[PDB]
Amino acid sequence: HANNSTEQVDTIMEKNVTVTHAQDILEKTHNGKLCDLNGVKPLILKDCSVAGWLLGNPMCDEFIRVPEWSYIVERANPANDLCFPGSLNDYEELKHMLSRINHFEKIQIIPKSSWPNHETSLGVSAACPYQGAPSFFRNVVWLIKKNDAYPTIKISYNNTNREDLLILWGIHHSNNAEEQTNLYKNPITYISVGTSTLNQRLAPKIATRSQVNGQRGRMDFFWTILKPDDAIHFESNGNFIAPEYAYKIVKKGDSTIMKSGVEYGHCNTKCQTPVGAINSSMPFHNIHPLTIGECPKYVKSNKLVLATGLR
Amino acid sequence: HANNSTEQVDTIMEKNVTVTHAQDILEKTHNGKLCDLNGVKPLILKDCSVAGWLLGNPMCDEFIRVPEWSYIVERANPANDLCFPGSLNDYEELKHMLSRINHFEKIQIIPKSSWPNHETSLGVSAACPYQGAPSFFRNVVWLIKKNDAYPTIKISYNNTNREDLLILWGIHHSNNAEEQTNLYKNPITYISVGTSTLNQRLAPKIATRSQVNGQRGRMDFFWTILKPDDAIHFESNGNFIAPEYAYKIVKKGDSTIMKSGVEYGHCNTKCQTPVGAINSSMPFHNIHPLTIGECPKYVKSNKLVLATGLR
Amino acid sequence: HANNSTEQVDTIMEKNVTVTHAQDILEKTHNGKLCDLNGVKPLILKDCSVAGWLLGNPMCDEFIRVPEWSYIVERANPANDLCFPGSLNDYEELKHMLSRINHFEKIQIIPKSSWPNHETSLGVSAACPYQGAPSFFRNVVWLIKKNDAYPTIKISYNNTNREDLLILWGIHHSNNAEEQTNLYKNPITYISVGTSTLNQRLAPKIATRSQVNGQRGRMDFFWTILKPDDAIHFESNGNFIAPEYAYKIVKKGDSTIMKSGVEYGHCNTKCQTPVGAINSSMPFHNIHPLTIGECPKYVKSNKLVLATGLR
Amino acid sequence: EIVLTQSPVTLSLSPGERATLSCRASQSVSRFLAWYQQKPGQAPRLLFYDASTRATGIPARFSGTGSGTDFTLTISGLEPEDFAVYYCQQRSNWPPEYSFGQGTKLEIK
Amino acid sequence: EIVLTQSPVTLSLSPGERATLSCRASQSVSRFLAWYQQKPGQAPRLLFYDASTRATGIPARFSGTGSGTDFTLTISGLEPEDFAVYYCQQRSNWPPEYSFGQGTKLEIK
Amino acid sequence: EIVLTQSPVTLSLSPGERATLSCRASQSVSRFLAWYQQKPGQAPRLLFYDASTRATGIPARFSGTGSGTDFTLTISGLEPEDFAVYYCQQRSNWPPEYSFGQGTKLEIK
Amino acid sequence: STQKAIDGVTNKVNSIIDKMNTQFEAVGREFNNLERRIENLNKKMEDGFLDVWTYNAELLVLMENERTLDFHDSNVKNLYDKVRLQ
Amino acid sequence: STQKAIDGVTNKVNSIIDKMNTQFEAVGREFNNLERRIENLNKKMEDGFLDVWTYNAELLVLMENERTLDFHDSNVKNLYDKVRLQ
Amino acid sequence: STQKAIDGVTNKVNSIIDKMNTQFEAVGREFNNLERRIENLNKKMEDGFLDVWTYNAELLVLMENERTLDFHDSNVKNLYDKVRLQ
Amino acid sequence: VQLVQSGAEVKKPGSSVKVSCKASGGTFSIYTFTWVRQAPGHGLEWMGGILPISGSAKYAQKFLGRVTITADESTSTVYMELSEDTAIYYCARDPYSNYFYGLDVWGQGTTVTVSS
Amino acid sequence: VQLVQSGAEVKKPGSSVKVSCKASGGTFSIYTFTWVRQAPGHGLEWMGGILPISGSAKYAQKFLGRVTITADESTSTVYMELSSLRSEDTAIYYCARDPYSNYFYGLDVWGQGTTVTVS
Amino acid sequence: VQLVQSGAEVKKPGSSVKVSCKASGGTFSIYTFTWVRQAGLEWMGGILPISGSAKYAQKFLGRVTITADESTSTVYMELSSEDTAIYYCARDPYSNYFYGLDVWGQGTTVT
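Visitor: Quick rundown of the interface of chain C and chain B? Include the residues and the values.
Guide: In this complex, chain C contributes eight residues to the contact, which on the side of chain B involves ten residues. Here chain C and chain B share an interface that buries about 780 Å² over both sides, 41% of which is from carbon and sulfur atoms. The largest share of the area that chain C buries against chain B comes from C:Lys205, C:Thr208 and C:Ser210, three residues that together contribute 55% of it. Summed over the shared surface of chain C and chain B, the number is zero salt bridges. Among the residues making up the side of chain C that touches chain B, the classes are represented as two nonpolar, three polar and three charged.

Encoded structure:
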């Protein structure tokens, strides 16, 4: 037998053997645009971190309600993020709890009318402005004294719904004694949270620090999970950031938090890679090793063609 | 050459080639019953956990003295566990310390006659009853004020023996303020432990924590390791759970803390898969990849016959 | 073809086949002496730990200034080490920051002349003597009351240089209350450190402990990294162990912290196995699998010859 | 803002055929449009939404495609219930502004 | 409770031959059966235990198997120190209750 | 203590050839020596150091090797500015101990 | 006769996937600034698994090509010898 | 004939654990609720090691069967040709 | 003639580094006495990687020797065949 | 969620009206509300609305700076202040934030007569 | 561990005897202790006993209301109280010891016994 | 770091002269200073200022006295009878290895 063609293949003996018609096994082309997964439209946080979405950033209002999604896309060094300097405790365990939640249901617990002896409107800061005017977060409330009083808080909740919940609260790390005695009349301060599994006690930290975003102060946030038929108890004497909105878990499945910069275009996709859409039908791919959904395997070489013919 | 047989073997080309007499390598048959290992008889904790055994669960009195063993067998979702709600700190490190201890010896380090001005027999609860009557753990002591007084505690111990020791103590997390002034007298309380390479200070927590097993309060236990010529020092003002019995380490070796559900019958076994005993000679097995003793390697292949004959 | 030779090789079928001239691939000999890497001359901490060097152990004054090095050689069970018993927090993280710094630079920050109302020369101990006379670490100052006063300390430092600094401070864990009263007037004491990313508050511990190195007391040190244009703020009321010397970073490269007991001899070596210098061109070695620099891979088999001839 | 122009207002037909519509564009709308029909004397309704897909309750007789720059409504199999006036709508960026069309009438012959 | 019956009380024996005992269970005893040999005058003495296992002090002359419905105790070579009465015992579940047999005698032929 | 003796003090020479020096060792000093060059009326200047290598500002004309027990200083071509007295030095123990030689003279003819 | 030889069993040749049913799928985890001791370990183990798998894939492709060429010359040889003997 | 080599190297045909003497032995470690990342990593690397060793075992058994049949056929071929020439 | 086949490939059979270039380089990390699980995990993973690599190396060199010997037998055999036919 | 409106009223030219959009049925603070005008010879028009959390309004550009829109989140009621005007005015509802599906929930109407 | 018993006494039927089982040489609080009774023509019998760490007793279903067994764990002694003696119960009594709890090896150390007379 | 000494003075023999080794331009507290005399070359020893000691020369182990002050960058010497000539000063860097006395002085004559 004999024929004519202009292909090549590699073998153990030699690396430049020219062979007849072969079959390619590696994928090298990609669409380079973010598109939908099996009809479900993704979530594109344009310039916003997860800490700014969950807590509620004044300049992140476009995601106050979202439908069911498939994956979360984020941009590197996002500008908006979290304004008032601080830290979310166990920030990286939360991002592992995510990528397993495919739906959220914002719910109203502890309404704004449940505080008769505490102010809830004069809690603005210049570090988080809105259209030139001072503002603050939207899913939490910063309690301050009212009529020269900060009475003790004893509140509770009971998860009557079948679905679970995610409750977020926080603490204020004041700068000096004058600031604390201005916001809250009591110098000594503590917060306690008690559930059927959690037990916690915390106190503030008064010290001198540097200037970050023009703010010499810090705040710390925490989170927990509540089960059906159980209860959560709060108790504080000051430095409290009470919650207003919770999150209901309705669906569980496979997702992925990914970091990218590609724009959004309307398509249908099944093998979305961090930097480009993929729709192929060959076993091996080469672009990026962090994929979502059904996808081919990942290698690093560039000449995976395996010969099929003779000569 | 030619003969007659009805065997098969898999090759690179075909997966249904029928071949002559072959040799089996994979081992599938197993005996489903937990039995003895090299003569030494195991330890079967019927429906108790490890914390209940070490702390002296009233409903787990069958293991108050145990001879030399080879491995520890437990059952999933054990009923007894810790009656009083709480948590053993570094509970996963203790279970890693075992599987390297093959013998124990219970020693009386602090007798009941060393507590003149302190009650010792009024520490019962309805969480752990015995034949209806209330009771408590057996290897530790719950101290309570006597004659309206809780004097400061200052005790020590020097390990004169040529072996090491395990010491278990605890703290009490009272529910409200009235309870602490009922059991004890001093509101503010602390606990201190000091050894050559240890330093620790702890204080209780007062809050509301829902309801587990009908008991609202909690407990917390801690552990340590002592050395010959070393010493341990205890100081406390209340909320103290003093020890009675300690544990001596007299042998080290290979063990395993496995979970199973199979009953017990008399045998002589050499390698114990946690779902069934195995005694074979061919170098590959398939049952379960957690073995104690000397077993062949584990593969997930459903068939591993390698041919020896021709055609 | 036919010749005469006395080599051997191993194949899939047989293991004792003798073959003609072959080519060995595994290198088994070594120099067995520590030498210099590419001209750059190493650092030999004869009997001294990393903590003792960075703190300034009195019997380690041979390393007060050191030129550029390539790696740090250390000896197991080092005698000198630390003297006044205690611990270094996150000590394993510090030794991971090393092996990434190739050059250091000692810089004088707030000096011995910046403490007007604070004694700085009567702090010594018998745990770390010098030629019989008592002494103390040289990169760190112990502050004691002076004319019956320990005024609060408020100091700061701004990193004007284009390099980063490593600052070390500490706390004193007094044994009894009388000792604390003797050293510092105020019974209740604390230390606070505040930077653009750090926030720390600590308090001493008083208890009863054992005797190690003849001292019934403990010390604890801490470390941090500063940034250009950043600032560090110190505040304390007692039990403060102030710093005198800081450490600069001017080069970052590849290094390695080893543990060995071989002597030092003049050479020019390229790859330095922990037990002996190696210089060869074979693509496989067998001595020790923790190497610095470029040199072949590590295997465990005792014979890796590969045949080249016939018969 | 964006202005839109629709197909000729007057268009008459008889049952047994297909009826198609058209809604233009001025600068760019991408895929942020909606549909409505208004029978005389009541509030408007909601046909195929998302400038393409359909919603629950609307019978399968109504249909239509579009996006890009041309919009259509391929209503086939004229039934004796399809007499009303149909309109167009578009939406804008963050905090948004809207702009409606002018309407088109399909009548009986 | 559990009741046990043994092989018969009178059994003449002379040196040179070999003698063997037995006692039978009623409902079920897994492996809980101990042994004793009581020479006249002194306290009861220990023997083979666990119905099969040996123990320190007892010579290798005495032996016996069991661990089942049938329990046995087999001698190998008679000695002039093997004249006494031998019994049976068993133990119950975690609340521990016991019971003893009636005993078997042995005398020189 | 360590004692050192150098080459004979008097050594006349003329430009156009080489010159080499020497310096004894006594007990071993390994590689902890230093060189010098003193001209009349000022302090010396470190020519070579590490008992082998050279430093900045010293012309390439000067050289010299040997660490173990040999000590040399070789010039390539005699220049009119190479006329002075040169010396030898060492250092011992961790607490600094030192000792110097006697010196050698190279003079024109 | 290539249909009986290789052309009818091209499915297996392109079904390399049957051996690579289970490959180490990389997952996205991160760590904070004071925990670089296991972030490093995670990075090295992920890279090691990837390197192991690519080495396996490349070396397998190499044997497959070598065996394919050997098989082809085997056919040319054996039909050569039957047509020679007959 | 075949007993000279095949039945004599039958000890090498079996006892494959001579080369698979040191396999990754699975051990049980338990992590608590707030250490999901480490437990996840442990699970994934353990499964990866098991899969690697399974791939190795299957690949060698395939090659051993192939080379065994090849040995038999080449052997009988060489005896056939030598007895034909003789 | 051997220069065209084996002597010209000596640079390839030697310096196997071109395929065994990405090996798991061991890096030393230290843990305290209250992180025994992590240190144990590090030990087992490092030992497993080293074992996998030495397995691969020994297997590779074994087949390299086998194919080299078979290659010599094959080309001397076919050279004998052609010189006999001619 | 159901929508009911004020009713009917008659006022002389130049004055204003206070049509309402009373509703109930769930969390009212995260929904989009707008207004549509249907004067006889005017087809379909638009005026704007308010997201209740933010506390602002994106008014129209045809009648730029004409109307005033406000909302109260404690009673689930939106407002509008409109200070040729004889027209009926509807109310609408748009779900979701980052995507546009359609004004699914519609009201029933409110007629205002001007006359003279 | 040695288990020498109390002694001997004589008392007419109907009464009670407090036969003691004294011991020393280890931790007495985690050990099993029982009683064996020997009337002349009655082979071997049994009553029950006490584990000194619990505080109960597992009596004999034959005469579950006959005896009363208690233990003191501060002096390493055990008691027994059988009441309403007859002419049948006249001969000696014995005490024993059994090690371990989750397994049964055998009554290892026995002692020498206590003799009584009834008439 | 530049080095300049005290000057010159003439006194009766058998007495002592305090020759200084003033310098400036760096961290003086971790540097090694020695003394070289010329009444060839000779040695006396010096002081590492951070330790507070001296290593006197075994030739005249009881002759010289060396001290250093770490607030002004100056080293002293006490020579307490044919000494009628100059006395230099020097400096070598680094501790664990020896390179050489790079920075030399200018001189000080005492007769």
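Visitor: Give a detailed account of the domain arrangement of chain A, specifying residues and quantitative values.
Guide: Residue and element names in this part refer to chain A. Under the domain assignment used here, chain A contains domain 1 (1-35 + 265-311) and domain 2 (43-258). Computed over C-alpha atoms, the centres of domain 1 and domain 2 are 47 Å apart. Contacts between the two partners involve eight residues from domain 1 and, on the opposite side, eight residues from domain 2. With both chains or domains summed, domain 1 and domain 2 bury close to 530 Å², and 70% of this area falls on carbon and sulfur atoms. Among the residues domain 1 hides against domain 2, the three largest losses belong to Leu-34, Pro-274 and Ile-292. Together they make up 72% of the total. Counting every contact that joins domain 1 to domain 2 gives zero salt bridges.

Visitor: Please provide a residue-by-residue account of the state of the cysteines, values included.
Guide: Linking two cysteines covalently via their sulfur atoms produces the bond known as a disulfide. Per the stated rule, a full pass over the model turns up 18 disulfides over all chains. Disulfide partner of A:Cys48: A:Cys60, at an S-S distance of 2.0 Å. Of the two residues, A:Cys48 sits in the loop between β2 (43-44) and α1 (50-55) while A:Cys60 sits in the loop between α1 and β3 (72-74), which places them twelve residues apart along the sequence. Judged by relative accessible area, A:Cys60 falls into the buried class, the value being 8%. The disulfide partner of F:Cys23 is F:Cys88, and the S-S distance across this bridge is 2.0 Å.

Visitor: Quick rundown of the sheet that holds strand β9 (residues 153-158) of chain A? Include the residues and the values.
Guide: Residue and element names in this part refer to chain A. Pairing in this open sheet of four strands is antiparallel, and the strands run β9-β14-β11-β12 from one edge to the other. Two strands in the sheet have a free side with no partner beyond their single neighbour: β9 and β12 (199-202). The average undirected angle you get between the axes of adjacent strands in this sheet is 10 degrees.

Visitor: Outline the arrangement of the chains, supporting the account with residue identities and numerical values.
Guide: Chain D shows no contact with chain I. Their nearest C-alpha atoms sit 49 Å apart. Spatially, chain G is disjoint from chain K: no contact exists, and the shortest C-alpha separation is 44 Å.

Visitor: An account of the relation of the copies chain C and chain B is requested, with residue identities and associated values reported.
Guide: Between chain C and chain B, which share one sequence, the superposing operator has a rotation angle of 120 degrees and an axial displacement of 0.0 Å; the RMSD is 0.3 Å. One copy is carried onto the other by what is essentially a three-fold rotation axis.

Visitor: An account of the interface of chain E and chain K is requested, with residue identities and associated values reported.
Guide: If you look at the interface, chain E gives 24 residues, while chain K gives 23 residues. When the two sides are added together, the surface that chain E and chain K hide from each other amounts to roughly 2100 Å², 68% of it contributed by carbon and sulfur. Scanning the region where chain E abuts chain K turns up zero salt bridges. The tally of links between chain E and chain K comes to one residue pair in polar contact. Those elements that provide at least two residues to the side of chain E that touches chain K are β5 (36-38), β9 (89-91) and β10 (98-100) of chain E. Per element, the largest residue contribution to the side of chain E that touches chain K is three residues, and it comes from β10(E). Counted by class, the side of chain E that touches chain K contains 14 nonpolar, six polar and four charged residues.

Rules of the game
- Residues numbered from 1 in each chain as written, not as in the entry; some residues may be left out.
- Chains lettered and ligands numbered in written order.
- Heavy atoms only, no water.
- Contact = heavy atoms within 4.5 Å.
- Buried area = accessible area lost by both parts, 1.4 Å probe.
- Salt bridge = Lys/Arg side-chain N within 4 Å of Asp/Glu carboxyl O.
- Nonpolar A, V, L, I, M, F, W, Y, C, P; charged D, E, K, R; others polar.
- Domains from an automatic or database assignment.
- Disulfide = S-S within 2.5 Å.
- Helix = DSSP H or I, 4+ residues; strand = E, 2+ residues; numbered from the N terminus.
- Buried < 20%, exposed > 50% of the residue type's maximum accessible area, 1.4 Å probe, protein only.
- Pairing = 2+ DSSP bridges.
- Axes fitted to C-alpha atoms, helices over the stretch in contact; angles between N-to-C directions.
- Least-squares fit on C-alpha atoms.
- Polar contact = N/O pair within 3.5 Å; in protein donor to acceptor, adjacent residues only side chain to side chain.

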